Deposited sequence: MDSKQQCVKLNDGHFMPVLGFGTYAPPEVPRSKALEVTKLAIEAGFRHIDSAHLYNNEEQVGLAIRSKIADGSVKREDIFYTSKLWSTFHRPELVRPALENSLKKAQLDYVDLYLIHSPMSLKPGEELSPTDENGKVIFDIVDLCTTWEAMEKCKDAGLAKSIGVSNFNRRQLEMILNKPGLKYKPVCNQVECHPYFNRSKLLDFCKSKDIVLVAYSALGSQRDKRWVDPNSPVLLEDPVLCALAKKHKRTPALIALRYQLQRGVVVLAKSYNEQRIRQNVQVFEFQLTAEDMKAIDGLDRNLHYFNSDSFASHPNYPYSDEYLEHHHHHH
């Protein structure tokens, strides 16, 4: 159950989100990643930022070693943090994530964000106050292309890019590889349909994060509506006899969007893979489309 990427690699269309806030002890990511792979998840999303690549890699290696999966059947994503946008740091940042996970390659490496930060996770000046750096994203992308040339990243992509930022790269002279994907916040309240049409037009897969309405970490307005209590999602839930989460994920699959889903809960993890068992009608799809309201959680 995969989509073919513009470099000829395959990405599974449902993936497991691995971020948990720092209140969650690290070991938890080991345990939940194992459960995710047991339930049928094969695409696993992590990042230097999440401080979990050691535990996530252990869960992957544990399931490889006991024969539960082959390495070739796992799609593991990691991402380049913004203090490493300088080109000479890009391959060493990837190599560090590889050391931590003890994996030989990542299936996908992404530029985590278009923003550049002072090299050194969040460098802060004398009053606050994040220290930005000016780095041409196109020169970061070229160092990204070398990681794919080297086989350290099977596929390379971007995250949190808008259409102009995508075009900075697509319009680059001497361009060797398109990004395979643009991983962005995308759910029924902020559906990105304009960005989606753009990405489809360039054969770039859109990958939705916060598809279930985010973890609402209080560091996210607590007044924002709660996506999974949306009366449309719940009316669809009862009509199809699934849940609001599953309606939200299935909407993404039928629009050609690859969809992530974080859960640190055993039943919810198993539940999320039911997304392949049912479909939404065109009229369902249309009701969900009607929910777009430009609500940004993150």
Note down, first to last, the deposited-sequence stretches for which the model contains no C-alpha atom. 1-5, 126-127, 227, 307-331
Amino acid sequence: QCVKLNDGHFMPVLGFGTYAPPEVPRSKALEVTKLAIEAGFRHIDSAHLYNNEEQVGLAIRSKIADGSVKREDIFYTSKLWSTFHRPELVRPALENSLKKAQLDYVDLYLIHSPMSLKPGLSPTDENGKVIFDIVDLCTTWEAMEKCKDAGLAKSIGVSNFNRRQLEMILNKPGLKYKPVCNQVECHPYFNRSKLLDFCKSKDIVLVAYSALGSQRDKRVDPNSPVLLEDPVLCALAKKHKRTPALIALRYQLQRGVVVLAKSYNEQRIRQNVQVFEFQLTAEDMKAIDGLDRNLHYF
From here on, numbers count along this sequence of modelled residues.
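We call the rigid core the largest set of C-alpha positions that still match within 1.5 Å between the two forms.
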Taking C-alpha RMS after core alignment, which stretch differs more from the shown form in 9 other deposited structures of this protein: 130-138, or 186-194? 130-138
Name the higher of the two by mean Cα B-factor in the PDB entry, 60-68 versus 262-270. 262-270
Read off the CA B-factors in the entry, average them over 128-136 and over 175-183, and name the higher stretch. 128-136
When the CA B-factors of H112, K200, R216, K148 are compared as recorded in the entry, which is the largest? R216
Residue set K28, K34, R250, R42, per-entry CA B-factor max assigned to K28
Chain-relative CA temperature factor third for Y19: middle
Sorting by Cα B-factor within the chain, modelled residues only, which third would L246 end up in: lowest, middle or highest? middle
Taking only the Cα B-factors deposited for this chain, tell me whether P225 sits in the lowest, middle or highest third. highest
Sorting the chain's modelled residues by C-alpha B-factor, tell me whether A93 ends up in the lowest, middle or highest third. lowest
Chain-relative C-alpha B factor for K100 (record values, thirds): the middle
